[PDB]
Amino acid sequence: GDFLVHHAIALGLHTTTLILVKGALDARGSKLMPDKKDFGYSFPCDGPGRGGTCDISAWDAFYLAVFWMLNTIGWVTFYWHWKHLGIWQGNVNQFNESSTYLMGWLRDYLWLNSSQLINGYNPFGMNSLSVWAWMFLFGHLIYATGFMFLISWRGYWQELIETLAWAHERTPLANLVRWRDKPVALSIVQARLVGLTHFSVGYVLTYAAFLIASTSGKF
Amino acid sequence: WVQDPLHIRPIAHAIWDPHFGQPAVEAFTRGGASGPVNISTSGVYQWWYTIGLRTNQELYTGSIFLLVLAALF
Amino acid sequence: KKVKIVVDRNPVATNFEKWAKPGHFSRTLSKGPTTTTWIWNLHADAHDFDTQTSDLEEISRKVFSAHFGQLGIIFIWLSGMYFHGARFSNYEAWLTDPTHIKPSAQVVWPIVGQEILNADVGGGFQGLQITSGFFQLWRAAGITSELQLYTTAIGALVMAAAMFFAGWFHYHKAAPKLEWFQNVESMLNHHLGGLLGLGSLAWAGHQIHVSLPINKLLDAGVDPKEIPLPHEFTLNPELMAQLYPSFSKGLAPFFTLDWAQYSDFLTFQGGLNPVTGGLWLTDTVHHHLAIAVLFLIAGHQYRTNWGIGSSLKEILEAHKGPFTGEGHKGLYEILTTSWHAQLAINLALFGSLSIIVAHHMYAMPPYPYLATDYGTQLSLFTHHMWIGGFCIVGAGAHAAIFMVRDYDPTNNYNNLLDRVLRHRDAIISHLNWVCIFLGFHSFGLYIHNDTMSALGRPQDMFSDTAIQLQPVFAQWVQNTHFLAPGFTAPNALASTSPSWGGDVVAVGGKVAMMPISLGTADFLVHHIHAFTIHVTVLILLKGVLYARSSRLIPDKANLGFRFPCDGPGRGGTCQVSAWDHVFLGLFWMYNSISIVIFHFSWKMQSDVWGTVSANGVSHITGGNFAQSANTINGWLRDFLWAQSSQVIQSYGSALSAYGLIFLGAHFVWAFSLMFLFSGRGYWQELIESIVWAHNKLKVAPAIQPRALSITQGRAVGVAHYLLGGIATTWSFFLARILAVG
Amino acid sequence: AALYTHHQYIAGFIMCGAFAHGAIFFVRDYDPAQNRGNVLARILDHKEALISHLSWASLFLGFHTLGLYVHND
Amino acid sequence: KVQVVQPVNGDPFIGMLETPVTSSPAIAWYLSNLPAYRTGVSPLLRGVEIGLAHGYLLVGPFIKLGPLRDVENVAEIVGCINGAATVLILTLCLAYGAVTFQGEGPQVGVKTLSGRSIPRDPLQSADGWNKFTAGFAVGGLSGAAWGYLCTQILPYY
Amino acid sequence: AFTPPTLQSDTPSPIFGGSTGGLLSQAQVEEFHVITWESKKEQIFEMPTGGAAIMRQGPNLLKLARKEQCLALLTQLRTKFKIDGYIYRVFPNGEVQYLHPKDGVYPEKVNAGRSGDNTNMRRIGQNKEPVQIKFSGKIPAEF
Ligand code: CLA
Ligand code: CLA
Ligand code: CLA
Ligand code: CLA
Ligand code: CLA
Ligand code: CLA
Ligand SMILES: CCCCCCCCCCCCCCCC(=O)OC[C@H](COP(=O)(O)OC[C@@H](O)CO)OC(=O)CCCCCCCCCCCCCCC
Ligand SMILES: CC1=C(/C=C/C(C)=C/C=CC(/C)=C/C=C/C=C(C)/C=C/C=C(C)/C=C/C2=C(C)CCCC2(C)C)C(C)(C)CCC1
Ligand code: SF4
């Protein structure tokens with residue numbers, strides 16, 4: 001089990017390093033964009049020409065590498081927590097036998113150690129673990145919210161905001177109130193940053209709540 | 001916690017939340033505190049206990065010293 | 001003028017010359033596969049007949065032949081189903097014990113330990129438990145024997161061959177002309193009476209002479225091998241009279257207008273059969289006969305080759321009011337010359353019909369021993385819900401396609417379409433506001449309940465114990481339906497479904513149907529459904545209304561229907577086309593249907609499905625929905641976490657496959673994220689480095705590898721996301737229902 | 001557990017920042033004439049080999065780790 | 001033959017349309033008689049009326065739904081809550097006035113639907129908004145205070 | 001010998017029933033554009049703001065918000081009805097500025113007498129390095 005998980009860790013590290021190194025080495029320019037250095041470190045793209053240039057700047061490479069870093073750290077922490085969970089309870093056989101397949105990881109670690117956490121508050125009452133259950137759902141919500149900025153792109157929101165602006169400029173009583181800044185949709189790079197921030201915050205909060213609630217409700 | 005480092009849960013800080021209900025206030029009282037508190041999880045208790053700190057006066061003195069150091073910086 | 005059969009002889013030669021030339025249908029795919037993008041373009045435009053030719057006649061001919069091919073494929077699938085039910089099933093054994101033997105129609109070969117999937121369903125048979133409901137359908141039809149299933153399979157193969165021959169004949173030998181396809185009046189007259197009406201009448205006849213006697217004997221209790229054959233009942237009024245005395249009078253009462261005599265087999269009872277748990281077959285016969293007469297009468301309204309009849313154009317142009325200017329003028333020309341508009345209307349109504357079918361089927365089980373089969377019920381409901389949602393999204397997509405290609409301003413002036421396009425801002429703004437209001441007042445309630453429960457204040461929640469949100473309107477309608485028999489339906493002996501109220505209908509110790517009480521949780525989930533449906537409608541409608549132009553891009557129609565963007569200018573125009581609106585609508589539809597199926601599953605497992613022990617009803621989950629569905633934590637713990645133990649503990653058993661797919665789907669879904677959060681530039685540069693590595697060893701391919709286009713990347717991401725999510729829910733639902741049902 | 005997880009997540013974020021700033025350096029402070037022929041210019045001269053081998057190692061590790069896990073499942 | 005939907009003031013190239021919801025005689029009269037659309041009335045008085053109405057209608061929600069709704073002293077707590085809400089929306093009005101009105105510019109004229117030239121609303125000025133904000137505070141606080149009195153009085157309630 | 005043609009305020013507008021995608025409040029405090037063309041017959045055309053209008057027989061005037069809308073309408077007229085139009089920019093103060101057919105000759109056609117603005121005499125890769133222009137609010141393309 002340690003062999004397989006260590007190779008998974010090697011995978012995460014190699015892929016994260018590949019993304020970061022590729023972005024750093026191709027930051028000055030590539031075949032698709034020979035003069036990338038003239039556009040700076042961060043820029044939305046280079047237009048839909050030449051087949052498409054979405055996520056071509058070095059900033060975008062770092063952006064894509066943050067996901068892989070979170071995944072690698074998640075694998076590392078999952079391994080450490082499960083091994084120590086079995087060691088603290090004097091049952092190394094659980095990890096020695098269930099870590100060789102993914103179903104053991106999902107059933108004997110995630111589903112098994114989440115009973116007390118999700119029971120912090122229920123239709124019967126609440127205990128000191130309710131804060132961790134609320135933080136668990138909070139992290140899930142932030143992560144899913146980030147999925148919006150990650151999947152939806154700037155175009156749909158610009159038209160929607162234009163429609164909203166028309167509605168405000170034509171609604172009586174509310175016409176007396178005006179906006180000092182023209183409302184516009186988030187920038188492409190700004191949207192990627194907001195989505196990444198939400199993803200990372202939800203990831204960290206969810207794992208922190210689960211980790212503390214699982215190792216605290218038992219010991 | 002110094003007297004019983006294995007049978008007492010460290011306290012991080014107090015909790016003053018007007019939204020708390022009676023069951024929440026009673027459920028967050030643990031390490032012999034007067035009211036709802038948060039159980040420490042950063043390990044500052046073990047570190048401070050290992051470096052020689054033993055009373056609350058020493059911790060307060062260290063906090064004041066760090067405050068003066070921050071102002072100096 | 002004058003509806004007639006106009007056809008062109010031998011228009012296309014039959015040979016394999018074009019089979020060896022991929023991309024022959026497209027003009028842009030003639031320069032050969034210089035890059036890998038050509039391969040994807042070859043499949044992305046194979047069925048886009050509008051681009052392959054500018055002639056409507058050729059497009060119509062292609063559509064007709066494609067329909068024939070699809071019919072042949074469906075017939076092959078049906079033949080396979082019947083053949084498997086006749087050779088690799090336990091249908092004969094299941095007939096003798098339909099309450100304990102679990103239906104199975106698939107057997108796996110022993111190769112790598114997979115023989116464990118052959119579960120001990122019953123009746124000395126081993127195989128995979130099926131949830132398609134074919135056994136119940138066959139029993140309702142009176143199949144009884146396996147030879148009949150084999151005969152049906154052979155007939156289906158013959159029908160498939162006939163369908164394929166019809167497509168080839170209509171595309172290469174006798175191809176109909178454009179004027180033949182534009183006969184909407186004749187087509188509607190034939191599809192209303194000659195298709196629906198005639199089909200309903202034929203099914204009613206079969207039910208009268210085959211389903212009624214065989215099923216009556218089965219219900220009364222008779223060995224399936226002892227019941228007389230269908231022809232012995234269809235051609236012998238004496239035996240059929242022994243089962244139904246009204247038949248001793250023959251057809252005389254029908255022609256003498258004394259239909260009351262036929263009240264024994266043409267009843268209007270209601271409810272469900274207490275023996276089988278399904279609808280009364282006599283009631284279904286009466287229903288089919290009535291709808292057949294109605295459809296046959298309706299198939300005589302449109303004018304054809306005679307003076308009598310109505311004109312669709314005349315009726316449409318005559319419906320104009322003071323608020324719509326010109327009215328429906330121009331709609332006939334749009335629906336008689338654009339295939340995309342017809343496809344949009346048909347897809348929308350078709351998906352809505354599928355959803356209605358799912359509702360009516362779980363509410364009123366139409367087949368014997370179907371309600372007590374929880375696995376089949378849940379599977380059928382979820383499957384039809386997904387089909388309906390997909391069809392609706394497709395309807396929106398094709399509406400946008402028509403607005404982009406077939407729209408013509410010179411033909412739509414001051415009509416309904418023009419007036420709608422002239423105030424799209426108001427429609428979109430109001431829909432956006434209603435979506436925000438629904439989201440707040442629907443999800444914020446759950447969040448408020450979660451916060452109160454976590455704060456130790458259950459008395460401040462929106463539950464049946466604290467602030468109640470009773471659905472008074474739904475409860476009133478339900479009670480009205482319960483009190484309908486003998487009052488607002490004197491000739492009805494019982495309500496349409498036991499869900500409206502009344503006693504509990506249980507078959508074989510299991511609850512087949514029972515009243516479904518609605519409370520605060522039902523109110524919350526219904527508003528959640530309304531909110532999700534509204535958001536999906538907002539996305540699709542916005543794409544259809546702004547597919548041509550917009551304030552940001554005034555010439556969006558020139559860019560086409562499917563384009564990635566319009567550059568990074570104006571702050572960003574990513575996903576501004578109608579195709580992208582459909583791409584987002586797919587995600588929202590998945591979310592809506594997922595919540596709908598989750599609500600149905602939890603509600604039926606907590607307030608309907610269960611066992612009767614002479615002391616009450618023991619539901620599967622004990623009724624925890626009424627006390628936990630008001631919070632998100634309850635859905636995560638009491639539904640997702642509690643019911644997932646069946647799929648995560650299936651390893652080493654027959655349901656192990658469900659445990660494997662459950663994980664596999666989770667992978668595919670996550671895989672989709674790679675294509676949803678990435679861009680084309682990164683992959684193109686990475687491919688550049690890999691190409692350098694290949695060139696260093698003289699192994700670079702001439703078909704220059706290229707990263708998937710922006711649109712293709714989005715399509716792959718959405719396809720994988722929905723496949724993974726739907727498959728995960730499928731595995732979870734099937735494993736849970738097959739382990740506790 | 002909390003300390004280990006906290007420090008590992010901090011390390012991951014800091015590593016990502018290190019590579020991000022390295023890219024920023026290449027796009028804003030690197031001078032090819034001042035580093036003509038040294039280790040930087042040479043490592044940039046064969047960046048394709050580096051990226052190709054990183055991709056091969058990642059593909060190998062992923063293929064085999066996932067294959068072994070799926071086989072066991 | 002009648003067309004109830006016409007372009008705004010006959011101009012078909014302005015982002016607005018005249019419908020029986022916007023150009024209805026009764027609707028237009030009621031909307032025009034509101035304190036917000038009184039170009040000739042002092043902004044302070046209009047603000048007082050608006051604040052009175054808003055403050056009075058803002059007590060109810062906390063009275064019947066506040067955390068202490070099941071206690072006899074709910075009316076007082078809610079009166080204070082409405083006062084706090086009025087003070088908050090008061091600082092909101094002040095911030096909006098300080099940001100919106102901070103400069104001058106030769107703006108375009110304003111005319112009626114018939115074409116009669118009218119001066120710009122005095123409320124859309126640095127001093128006009130300040131007077132309106134002050135009236136909203138007095139009216140808003142008075143409305144909340146009256147909300148508590150109505151609870152004590154009103155024989156039906 | 002070309003002079004910018006003056007904008008006539010007596011030009012009638014095309015027959016349109018009205019829409020919600022027209023001018024907003026930006027045209028009252030910022031600017032708007034006007035496109036005037038000449039049609040040989042009364043015919044239905046598609047407006048950039050949604051809907052369908054009818055251009056009269058003779059001079060037609062249409063006021064839009066952005067210049068892109070006017071250019072899109074002009075492109076539609078040129079590629080569908082073979083009609084040439086003129087675009088002007090109008091400010092709230094009352095100033096009209098000629099636009100698109102700047103010198104009477106379309107930009108796609110060389111006129112010999114224009115300004116060769118923004119035309120570097122080097123290649124795309126011959127620009128100065130970003131490190132050589134550091135601490136200067138300029139990009140390598142402006143050197
Ligand atoms: C052996 C009989 C035969 C032959 C030799 C041809 C030959 C030809 N046909 Mg034709 N056709 C036939 C039968 C035949 N057809 C039948 C039975 C139908 C009714 C469905 C049609 C309907 C039809 C249409 C509408 C059109 C043609 C066209 C053509 C010409 C070029 C297209 C082509 O064949 O590309 C090669 C096609 C294939 C190699 C196979 C197509 C893909 C199949 C049908 C998919 C089947 C689904 C299958 C179950 C897989 C799906 C699930 C899977 C993922 C597991 C070509 C000369 C086209 C034409 O005239 O060009 C302008 C034209 O548009 N045919
Ligand atoms: C009573 C007359 C009649 C009947 C029964 C049908 C039946 C059908 N038509 Mg059709 N049609 C008719 C008249 C009729 N049509 C006329 C007069 C016109 C010209 C205006 C059209 C033009 C038309 C078009 C353009 C299309 C259809 C299509 C269809 C099929 C829809 C698939 C479906 O959902 O049904 C259920 C499927 C079945 C019940 C499968 C069983 C099929 C059996 C054999 C019914 C065959 C009926 C047929 C008309 C018999 C005469 C053919 C004969 C010369 C051999 C369906 C089988 C669509 C299609 O899919 O193409 C094939 C389609 O594209 N029809
Ligand atoms: C009667 C139903 C129907 C019909 C006849 C059409 C017909 C058409 N559609 Mg359409 N559509 C439909 C329903 C339908 N659609 C629905 C329900 C949706 C919502 C999802 C859409 C959404 C849609 C979009 C967004 C687009 C079309 C487009 C088109 C046109 C080109 C299709 C093509 O050749 O692309 C190629 C077809 C394929 C590549 C087949 C691929 C099948 C998918 C990707 C795989 C799914 C996996 C499958 C479920 C099995 C999984 C197992 C797997 C592991 C092996 C064509 C005229 C395109 C167009 O340009 O219109 C002009 C367009 O972009 N459709
Ligand atoms: C869980 C993640 C998530 C969330 C919360 C949302 C939320 C929303 N989406 Mg979205 N979406 C998501 C995922 C998510 N989406 C993903 C992954 C995709 C990719 C397919 C999309 C694609 C998408 C599209 C295409 C659209 C939306 C739209 C919307 C908005 C609908 C309006 C509404 O619901 O009213 C109310 C808002 C909510 C219920 C969200 C929760 C807010 C809570 C309940 C209020 C809490 C108050 C706060 C705590 C108090 C302040 C505290 C202080 C510290 C700040 C809404 C804000 C639509 C829109 O623009 O609106 C019309 C729209 O068209 N989404
Ligand atoms: C000693 C550490 C250090 C230092 C001094 C810098 C310094 C710098 N960085 Mg850098 N960076 C670092 C570490 C560091 N970084 C690390 C660890 C990462 C990996 C995450 C990055 C990744 C990074 C990127 C991608 C970029 C920089 C950039 C920059 C430059 C401009 C920064 C800026 O614009 O400020 C602005 C500061 C912000 C916008 C704050 C960000 C908001 C955070 C992320 C949201 C946090 C929300 C919070 C957690 C929510 C709580 C949850 C609760 C509500 C429930 C600057 C010289 C930029 C640059 O060089 O320009 C070309 C650039 O693009 N950095
Ligand atoms: C579970 C989700 C998931 C998965 C499986 C992957 C997988 C992969 N990523 Mg990715 N990534 C993801 C999420 C995911 N990512 C997300 C959310 C992001 C943020 C947007 C990224 C961002 C990202 C970047 C920036 C990069 C990668 C790269 C890679 C590849 C690394 C090479 C490797 O590991 O070899 C192993 C290969 C696999 C594990 C794929 C599985 C192989 C399949 C299962 C075998 C096929 C068998 C069967 C025939 C299936 C076909 C059936 C079908 C025909 C019906 C790899 C294929 C890097 C890369 O391209 O490497 C060169 C790269 O640069 N990823
Ligand atoms: C809960 C009900 C479910 C439906 C959702 C309702 C919300 C939608 C609101 C959007 C309105 C947009 C106005 C369009 C404005 C518009 O279309 O123009 C006015 C429209 C045009 O009619 P014409 O005079 O032009 O008629 C000529 C036609 O042949 C050509 O269109 O006439 C109408 O009033 C339509 C009715 C709209 C109102 C629909 C509500 C119907 C009530 C149904 C109540 C059901 C439950 C109670 C039953 C007891
Ligand atoms: C002592 C000892 C030993 C030895 C060891 C060794 C000798 C090793 C090592 C080590 C190492 C060796 C480590 C490392 C690490 C590294 C890293 C982690 C990296 C990095 C880098 C980066 C991040 C970069 C950045 C950049 C870029 C990219 C651009 C330009 C430049 C710069 C720099 C800015 C052993 C254990 C055996 C045993 C015990 C004892
Ligand atoms: S889709 Fe967005 S990121 Fe991609 S090329 Fe177009 S504008 Fe740039």
Side-chain angles (χ1 to χ4, degrees), chain A residues 40-42 58-59 62-63 66 69 135 138-152 156-157 160 189 193-194 196-198 200-202 204-205, chain C residues 40 43-51 63 66-67 70 339-340 343 346-347 350-351 387 389-398 400-401 404-405 431-448 531 534-535 538-539 542 560-562 578-579 581-591 668 676 711 715-716 718-719 721-723, chain D residues 10 12-21 23-24 27-28:
Chain A
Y41 171 67
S42 166
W59 188 99
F62 160 80
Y63 165 72
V66 174
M69 165 280 294
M135 185 180 288
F138 190 62
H140 279 94
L141 181 60
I142 304 187
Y143 165 100
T145 303
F147 266 50
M148 170 169 49
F149 299 94
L150 296 170
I151 293 165
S152 287
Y156 171 92
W157 309 100
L160 212 70
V189 170
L193 173 54
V194 169
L196 188 60
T197 292
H198 276 74
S200 307
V201 165
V204 159
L205 278 181
Chain C
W40 308 111
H43 311 82
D45 295 314
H47 303 157
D48 201 10
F49 307 149
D50 291 331
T51 303
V63 171
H67 286 191
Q70 162 78 93
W339 278 100
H340 286 290
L343 187 39
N346 297 358
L347 268 178
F350 183 76
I387 298 303
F390 268 100
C391 286
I392 292 183
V393 166
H398 284 285
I401 297 168
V404 163
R405 292 160 178 205
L431 189 43
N432 173 284
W433 166 80
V434 72
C435 286
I436 296 179
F437 164 83
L438 274 172
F440 274 142
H441 291 71
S442 74
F443 187 58
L445 297 199
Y446 282 88
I447 302 302
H448 159 99
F531 156 64
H534 273 78
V535 176
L538 165 74
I539 299 165
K542 180 191 176 258
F561 153 78
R562 177 172 80 223
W579 188 99
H581 288 69
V582 180
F583 156 81
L584 300 168
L586 273 157
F587 287 99
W588 262 93
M589 174 271 299
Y590 161 87
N591 195 223
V668 182
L676 293 170
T711 290
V716 170
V718 68
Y721 192 105
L722 281 71
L723 177 71
Chain D
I10 291 286
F13 271 107
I14 296 188
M15 290 315 297
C16 293
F19 279 95
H21 270 290
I24 295 155
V27 71
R28 270 157 60 152

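In listed order, ligands and their atoms are each counted from 1. Any value given below was found using the heavy atoms of this structure, including those in side chains, with hydrogens, waters and symmetry copies removed. Protein chains get the first letters and strands the later ones, always in sequence-line order, with residue 1 at the start of each.
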**Q.** N-O pairing of C/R562 and C/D48 below 4.0 Å
**A.** no
Residues at least two apart in sequence or cross-chain that pass side-chain hydrogen bond (donor to acceptor under 3.5 Å, both in side chains) with D/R28, listed by chain then number, are none
Ligand 4 to C/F531, heavy atom cutoff 4.0 Å, flagged ligand atoms 33 (C), 34 (O)
Determine, using ring centers only, whether C/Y721 and C/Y590 are less than 6.0 Å apart. yes
Short version for C/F587: what comes under 4.0 Å of ligand 4, heavy atoms counted, is side chain
Note: C/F437, heavy atoms under 4.0 Å from ligand 4, region reported as neither
Within 4.0 Å of some non-hydrogen atom of C/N432, the atoms of ligand 4 are 61 (O), 62 (C)
Numbered in order shown, the ligand 4 atoms found under 4.0 Å of a heavy atom of A/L141 are 1 (C)
Quiz item: Taking N or O atoms only and a 3.5 Å limit, does C/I436 qualify as a polar contact for ligand 4?
Solution: yes
Under 4.0 Å from one or more heavy atoms of A/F147, ligand 4 contributes atoms 17 (C)
Closest non-hydrogen atoms of A/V66 and D/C16, given as atom of the first, atom of the second and distance, are CA-SG, 4.4 Å
Under 4.0 Å from one or more heavy atoms of D/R28, ligand 5 contributes atoms 62 (C)
Would you say C/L676 and C/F583 make side-chain contact, with heavy atoms under 4.5 Å? yes
To the nearest 0.5 Å, atom CZ of D/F19 lies from atom CE of A/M69 at 12.5 Å
Numbered in order shown, the ligand 5 atoms found under 4.0 Å of a heavy atom of D/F13 are 17 (C), 19 (C)
- So is there a nitrogen or oxygen of A/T145 less than 3.5 Å from a nitrogen or oxygen in ligand 4? no
Numbered in order shown, the ligand 4 atoms found under 4.0 Å of a heavy atom of A/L160 are 60 (O)
For a distance cut-off of 3.5 Å, show me each N or O of ligand 3 paired with any protein N or O, plus the separation.
residue, atom, partner, partner atom, Å
ligand 3, 15 (N), C/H398, NE2, 3.0
ligand 3, 34 (O), C/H47, N, 3.0
ligand 3, 35 (O), C/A44, O, 3.4
ligand 3, 60 (O), C/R562, NH1, 2.8
ligand 3, 64 (O), C/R562, NH1, 2.8
ligand 3, 64 (O), C/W579, NE1, 2.9

Check your understanding: With distance as the sole test, does A/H198 use its side chain to make a donor-acceptor pair with the main-chain N or O of A/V194 at under 3.5 Å?
Key -> yes
Sorted by chain and residue number, the ring pair (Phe, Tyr, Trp, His ring centres under 6.0 Å) partners of A/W157 (sequence neighbours excluded) come out as none
With sequence neighbours left out, the residues meeting side chain to side chain contact (heavy atoms under 4.5 Å, CB included) with C/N346 are C/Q342
Closer than 4.0 angstrom: is that true for some heavy atom of A/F138 and an atom of ligand 5? yes
Short version for A/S152: what comes under 4.0 Å of ligand 4, heavy atoms counted, is side chain
* Asked: Does an N or O anywhere in C/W588 fall below 3.5 Å from an N or O of ligand 4?
  -> yes
C/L538 heavy atoms within 4.0 Å reach ligand 4 at atoms 62 (C), 64 (O)
Counting from 1 in the order shown, the ligand 5 atoms closer than 4.0 Å to a non-hydrogen atom of A/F62 are 19 (C), 20 (C), 22 (C), 25 (C)
So for A/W59 against ligand 5, with non-hydrogen atoms under 4.0 Å, the contacting part is side chain
Rounded to the nearest 0.5 Å, the OH atom of A/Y156 sits from the CG atom of A/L160 at a distance of 5.0 Å
**Report entry** Ring centers of C/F440, C/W433 separated by less than 6.0 Å
**Finding:** no
The atoms of ligand 4 lying under 4.0 Å from a heavy atom of A/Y156, numbered in the order shown, are 25 (C), 63 (C), 64 (O)
Taking both backbone and side-chain atoms of A/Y41, is any N or O found less than 3.5 Å from an N or O belonging to ligand 5?
no
Margin query: Are A/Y63 and A/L150 packed together at the side-chain level, in the sense that at least one heavy-atom pair is separated by less than 4.5 angstrom?
Written below: yes
For A/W157, state whether at least one heavy atom is located under 4.0 Å from any atom of ligand 4.
yes
When rounded to the nearest 0.5 Å, the distance separating CD1 of D/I24 from OH of A/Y41 is 4.5 Å
inquiry  = Other residues, nucleotides and ligands only: do more than 12 of their heavy atoms fall within 6.0 Å of CZ on C/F350?
reply    = no
Exactly one candidate in C/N591, C/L584, C/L586 meets side-chain contact (heavy atoms from CB on, under 4.5 Å) with C/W588; the answer is C/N591
So the atoms of ligand 5 within less than 4.0 Å of a heavy atom of D/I24 turn out to be 60 (O)
Between the CZ atom in C/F443 and the CG atom in C/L445, the distance rounded to the nearest 0.5 Å is 10.5 Å
Any heavy atom of C/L438 under 4.0 Å from ligand 4? The part involved is neither
Only residue of C/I539, C/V582, C/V393 satisfying side-chain contact (heavy atoms from CB on, under 4.5 Å) with C/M589 is C/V393
